[PDB]
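# Per-entry structural report
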Amino acid sequence: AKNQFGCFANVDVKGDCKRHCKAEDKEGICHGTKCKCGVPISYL
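## Structural notes on unusual backbone geometry
Even without being a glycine, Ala 9 presents a positive backbone phi close to 50°. Note on placement: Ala 9 falls in the segment before α1 (18-22). Notably, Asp 25 is not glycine yet its phi reads approximately 55°, a positive angle. Here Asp 25 shows up in the loop between α1 and β1 (26-31).

Printed below as a string of structure tokens:
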């Protein structure tokens, strides 16, 4: 998913963005009709 990352109206309604951001080893978070990656999931 890359046109809206499954996100709409700031919510995971139509799908998740976590599959796009997990490939960056990051959290995924729905901002509007798009997504932003949050922090990296990995920590020591």
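After presenting the structure, the write-up continues.
## Focus on the nonpolar core
Generally speaking, soluble globular proteins have nonpolar side chains that are buried together. Formed by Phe 5, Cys 7, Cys 17, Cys 21, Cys 30 and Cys 35, the largest nonpolar core amounts to 6 residues. With sequence-adjacent residues up to four places away left out, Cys 7 is seen in contact with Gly 15, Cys 17, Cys 30, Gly 32, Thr 33, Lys 34 and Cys 35.

Cut-off values and rules
Residues numbered from 1 in each chain as written, not as in the entry; some residues may be left out. Heavy atoms only, no water. Helix = DSSP H or I, 4+ residues; strand = E, 2+ residues; numbered from the N terminus. Core = buried A, V, L, I, M, F, W, Y, C linked by side-chain atoms within 4.5 Å. Buried < 20%, exposed > 50% of the residue type's maximum accessible area, 1.4 Å probe, protein only. Contact = heavy atoms within 4.5 Å.

Nothing here speaks to function; it is all geometry.
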